[PDB]
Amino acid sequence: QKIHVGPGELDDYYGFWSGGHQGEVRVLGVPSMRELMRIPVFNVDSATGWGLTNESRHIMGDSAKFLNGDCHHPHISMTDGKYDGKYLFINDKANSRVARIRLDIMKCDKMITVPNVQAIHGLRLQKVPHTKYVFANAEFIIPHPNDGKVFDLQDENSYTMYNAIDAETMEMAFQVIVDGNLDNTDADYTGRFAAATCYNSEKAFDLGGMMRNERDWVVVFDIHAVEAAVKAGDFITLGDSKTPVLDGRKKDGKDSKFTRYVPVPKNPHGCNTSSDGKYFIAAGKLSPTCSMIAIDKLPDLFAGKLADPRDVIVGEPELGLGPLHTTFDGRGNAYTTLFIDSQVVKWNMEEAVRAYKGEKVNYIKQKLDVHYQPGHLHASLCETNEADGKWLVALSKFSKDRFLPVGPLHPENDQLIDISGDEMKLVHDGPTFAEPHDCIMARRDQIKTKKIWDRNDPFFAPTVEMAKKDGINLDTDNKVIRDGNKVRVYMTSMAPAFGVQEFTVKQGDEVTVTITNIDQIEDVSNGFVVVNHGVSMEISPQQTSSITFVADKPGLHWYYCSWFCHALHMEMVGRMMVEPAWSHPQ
C-alpha cells in the first residue's frame, strides 16, 4: 500500500480533522496527511473574513459574539449506511453549538446554539434510512431553570439532556432528559436505537464523587418511541424554547418508554457501533475492558423480555489499561486505543463474545505501541457498512520527542497505521496543532466539490435580497448607495481591478462593502482589506461577499486585494475618502 504521494500524484482519501479548541475543521489528503484546506466554523478567520463578514455572522446568529470554539467529533451524512458526501457536522463544547458544513463548497452553512444545555460534546449521525437526525450530547448537569436560585446538582430539576437536531433544517427536533450525564454517542443500522455513555451517574461535581460508582452505564434510546410521543403531543417545553422535551429518567425504578440503562464500568468513554451493525461497543476507561451491547437484543430489552439490563451485554474483553475508543476494519476485528498503556490493541469481536460465554480463547491479535497516550482512533469508512480496512489514524495527546522542540506547547501526534494486512504497521507521524480529537476519512469519489459558486446559492442569498431593495443587479453594478449615515457600496471585482476604485463618506458613517467577483476562471479569488480598520474578506469566482465597518477616521484610507490574483496584484487597490466630522452637521 503506497505510503508517499509524490509531486503530481493525488491522495486517495479525504480526511476531515476536527480543529480541537482552535475551532475549525481541517481537510487533509490521506495518506500524505497534508492539510489541503481549513474550514472556519467557530474561530474568526482573518483570511476569508469568517466571523467578520455579514454572511458568516448571519449564519452564526447571536453566537457571532464568541471568538472561540472547541470541536471534537466530525461526521459525514449518510444514506442507507454509507456516506453520501452532502454534509459534515461537528460540535462546539465551549459555547454549546452544532455546525453543518456543506461539502460541495467546503464552508459552514448553518449553525445552532442548542437550547437549555451546557457543552455539546459527543455527536453522531443517524445511519439508516439516512441521516434524518444529528444526535448530540450535552455533557454537564445544570438546573432548570438556571436562574441562580438553585445550584444543587441533586435537585429534581437538575439534569442534562440528549439532543436531536433535524439535519436538513438544522433546527431542534427533540430533547430527552436523562439521569447522570452524557459523554459519547452512536447510532444503530436500523434507525430505531441510539446509545450514549455516561460517566457521572453520581451527579457529582468533584473528581472523587464522579468515580464513586463501580459501574455507570450506557443509556439506550428508542427513537421510534420518542417520535411517537412527539406526534402524540406528549412532551413539555423549557424556557422560551419550543423544542419538545421528553423525560427519559427512571422514576422510582420504573423505566421510561424512551430509555434503558445498561450498567457498564467505569466512567466509560467511547461509544462505537461496529460496522456490521451487531454491537454498541463502550470503552471502559477506568475499567480495563470494553463492554459489547448486542443490538439484536435491544427490542427484547425494551419489551421487558429480559430480566436484567446487563443481559444485553455479550462480551467484555479485557484489553489493557485505559481503553478510550474503538474502530473497525470490516473483517470482524476491532481496534481500541489504550491511553495509559499507550497502544492500539487489535482484537476479534466474535472470539471476545465466545470468551464471555466462558470458552477460553485469545481474542487479542496484536498490540502496537503509539507515541504517546492515544485518544480517538479511526479506520477508513469505519462508520459505514463499507468499512474497508485499509488505513487507521490514532490521535495521540503527548508527542514528547517525536518532533523537533517548539517550546513549552507541543503538537499532537496523529499516527497513520496500515491495517490492510493481519499486522498493523506504523507508517507516518503527523504533528497537529490544538488537539484534534477525532477525524473521519472518505474515499476521493465520495466527495464532489464545486469549483465556482452558483449565483442563487443560499450562502449569500440574504445579501442578494438586500441588493434588490436598493435596486442593485449584483452581476453588473458599481454603485454607491447613500442612506442617512449608512453607505452601501456595491461593486464587481475582476482581477486586477475593483469595480469601484474610490468613494467618499462622512466621518462616522456605517459603511457596507459588497463585492461580487464576476470572474469565470476557477481559482481566481479576490480579497478586500481596508487598511487599519480591521476589515478583511475573500471573494471567490461568482461569489458575493459583504462586510460592514464604521468609517471612524477622517482622511484617505486605502483598500487593497489581499489574494494574489494577477501579475498586477499589488495594483488592485482603491481609496476610501472620509470627510471630517467638523465639516458636517453636529
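Start at 1 and count along the sequence shown; that's the residue number.
Look at the C-alpha B-factors of 362-370 and of 161-169. On average they run higher in 362-370. Mean CA B-factor, 266-274 versus 209-217: the higher value falls on 209-217.
Among 257, 479, 121, 75, the highest C-alpha B-factor in the deposited entry belongs to 257.
The entry lists C-alpha B-factors for 454, 502, 92, 438, and the highest of these is at 454. Annotation for residue 520: C-alpha temperature factor in the highest third relative to the rest of the modelled chain, per the entry. Placement of the Cα temperature factor of residue 509 within the chain: lowest third of the modelled residues, per the deposited record. Among all modelled residues in this chain, the alpha-carbon of residue 400 has a temperature factor (C-alpha) in the middle third. In this PDB entry, residue 109 carries a Cα temperature factor that places it within the lowest third of its chain's modelled residues. When the CA B factors of the chain's modelled residues are split into thirds, the value for residue 102 lands in the middle one.
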